[PDB]
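> Next up is a structure, given as structure tokens.
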């Protein structure tokens, strides 16, 4: 398949900013390159075809350029309705028609470190044999964040899952919840439970912990 | 306006089959090549299949692994995707999309895929799972700002809803997307930040509703 490398994966913008997104194809595709917009909860819509031609109804602030392997989508002066995810797609070779990985355009605000909270498992849950330990990273920006779990200073890998909220409509932040799952039997064999958070708003990682 | 409407999504067991439908309106369906494109939860767009207007050519992405069949009934303005050998990783929203077919401002003579896909349906959701319907267990996340919450664990299928104090508490609430556990059951958390000074005095109750299992739970969350 032709591989499409789309950059960046995440860009923050303010109303009025110019935005540039690039797409590079692994082999030449002439001008057979399209761009789509996908708003949260909606199907994609076609913005540009033939590298640079605007679909009817698309505002003039959108433009596309390039041929061969290197292509660009530019928004000249971003408006509120343009916060969305954008995708390139080559239409030179089938199968497979291939999409870039997407560019998520979110609302710019100042950096905000997370407030971090750790929650032990409840006694009620432990009665049925599993322990969930939860780490909350509240109201941070930007979205990139890393959580590392430690149990008696042993790094835990493979036994946690996390999810992240959508950007808050009022304060433009994100929040993240991570759950470490272990058996009650293992939980009761260890003392110190810790969540270590790395985030751009902190010049060193922050750890929250409890002793069982 | 010109539109496409998908249907047929739902829950199917691994190894099973499912037929999706896509009905077009207000255009001459037989003139256009048609596509299926899918999007797994939180992931990007993946093209999966193509059929020409006259049905004489079909293509499939390698990820189909030659398990699916694309077809159409132009007399009923309908495109179909017959899926077989389904696996958990086929869980996604499935979109049907029409070829633009030309690079002119208005397309009268329709070619192939070279100029993108100009009309998309709203999508239909397919979930592939062997799990059985099950209501959640609700556990406390016990608490000058304090955080508290509820862990809504081991339920199937989606969705669950969570409110706090019967809807009276909305400020500072974050209800997170569920995660799919290796057991095949979902788990989610809902949290709220509140003044620490309110902890001895204000009651905090999370109201959980899992309609698929008719399970409702009200959990009062207090300092341990």
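As a convention, Cβ positions derive from the backbone with ideal geometry for all residues, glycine included, and neighbour counts pool all protein chains shown. All of this is worked out from the model, or read from it or from the source named; these are not laboratory values.
> Assess whether residue B:98 counts as being more than 14 Å from chain A (Cβ to nearest Cβ), surrounded by 19 or more Cβ atoms within 10 Å (Cβ to Cβ), touching a strand residue (DSSP E or B) at 6+ places or on another chain (Cβ under 7 Å) and farther than 30 Å from residue B:159 by Cβ. Give the steps one after another, and end with the answer.
On the way: more than 14 Å from chain A (Cβ to nearest Cβ): no; surrounded by 19 or more Cβ atoms within 10 Å (Cβ to Cβ): yes; touching a strand residue (DSSP E or B) at 6+ places or on another chain (Cβ under 7 Å): yes; farther than 30 Å from residue B:159 by Cβ: yes.
Considered against the rule, which asks whether it is more than 14 Å from chain A (Cβ to nearest Cβ), surrounded by 19 or more Cβ atoms within 10 Å (Cβ to Cβ), touching a strand residue (DSSP E or B) at 6+ places or on another chain (Cβ under 7 Å) and farther than 30 Å from residue B:159 by Cβ, residue B:98 comes out as no.
> I'd like the residue in region A:75-96 that is under 18 Å from residue A:12 (Cα atoms) and at the interface with chain B (Cβ under 10 Å from one of its Cβ atoms) and, out of all such residues, is nearest to the chain's Cα centre (by Cα).
Taking region A:75-96 as the starting set, the residues that turn out to be under 18 Å from residue A:12 (Cα atoms) are A:75-87.
Restricting the remaining residues to those that are at the interface with chain B (Cβ under 10 Å from one of its Cβ atoms) gives A:85, A:87.
Details: A:85: 11, A:87: 14 Å.
Result: A:85.
> Taking only region A:1-19 into account, find how many residues are in contact with a helix residue (DSSP H, G or I) (Cβ under 9 Å, 6 or more places away or on another chain) and surrounded by 15 or more Cβ atoms within 10 Å (Cβ to Cβ).
To start, the set of residues in region A:1-19 that are in contact with a helix residue (DSSP H, G or I) (Cβ under 9 Å, 6 or more places away or on another chain) comprises A:1, A:13, A:15, A:19.
Add one more test, that the residue is surrounded by 15 or more Cβ atoms within 10 Å (Cβ to Cβ), and what stays is A:13, A:19.
Qualifying residue count, region A:1-19: 2.
> Right, another one. Say whether the condition of being closer than 18 Å to residue B:202 by Cβ and out of contact with any helix residue (DSSP H, G or I) (no Cβ under 6 Å at 6 or more places or on another chain) is met by at least one residue in region B:123-140.
Yes: region B:123-140 contains one or more residues that are closer than 18 Å to residue B:202 by Cβ and out of contact with any helix residue (DSSP H, G or I) (no Cβ under 6 Å at 6 or more places or on another chain).
> With (1) outside the structural domain of residue A:1 (by CATH); (2) surrounded by fewer than 21 Cβ atoms within 10 Å (Cβ to Cβ) as the list, and residue A:114 as the residue in question, which single condition is left unmet?
Of everything listed in (1) outside the structural domain of residue A:1 (by CATH); (2) surrounded by fewer than 21 Cβ atoms within 10 Å (Cβ to Cβ), residue A:114 misses just condition (2).
> Within region A:152-186, track down each residue that is assigned to a helix (DSSP H, G or I) and either within 14 Å of chain B (Cβ to nearest Cβ) or touching a helix residue (DSSP H, G or I) at 6+ places or on another chain (Cβ under 7 Å) (or both). Reasoning before the result, please.
So the first thing to find is which residues in region A:152-186 are assigned to a helix (DSSP H, G or I), and the list is A:184-186.
Residue satisfying the conditions is A:184 alone.
> Yes or no: region A:158-180 includes at least one residue that is more than 25 Å from the chain's Cα centre (by Cα) and assigned by CATH to the domain that holds residue A:212. If you could, list the steps in order and put the result at the bottom.
Going residue by residue through region A:158-180, those that are more than 25 Å from the chain's Cα centre (by Cα) are none.
No, every residue in region A:158-180 fails to be more than 25 Å from the chain's Cα centre (by Cα) and assigned by CATH to the domain that holds residue A:212.
> Just for strands (runs of 3 or more DSSP E) wholly inside region B:107-216: which have at least 2 residues that are more than 13 Å from chain A (Cβ to nearest Cβ)? Step through it out loud before you land on a result.
On the way: elements: B:117-120, B:124-128, B:137-141, B:145-155, B:161-164, B:173-175, B:186-195, B:205-210.
Once the strands (runs of 3 or more DSSP E) in region B:107-216 are filtered for at least 2 residues that are more than 13 Å from chain A (Cβ to nearest Cβ), what remains is B:124-128, B:161-164, B:205-210.
> Just the residues that are more than 8 Å from chain B (Cβ to nearest Cβ) and within 23 Å of residue B:37 (Cα to Cα), please, taken from region A:101-115. Show your work before the answer.
Of all residues in region A:101-115, those more than 8 Å from chain B (Cβ to nearest Cβ) come to A:103-114.
Selection gives A:103, A:104, A:105.
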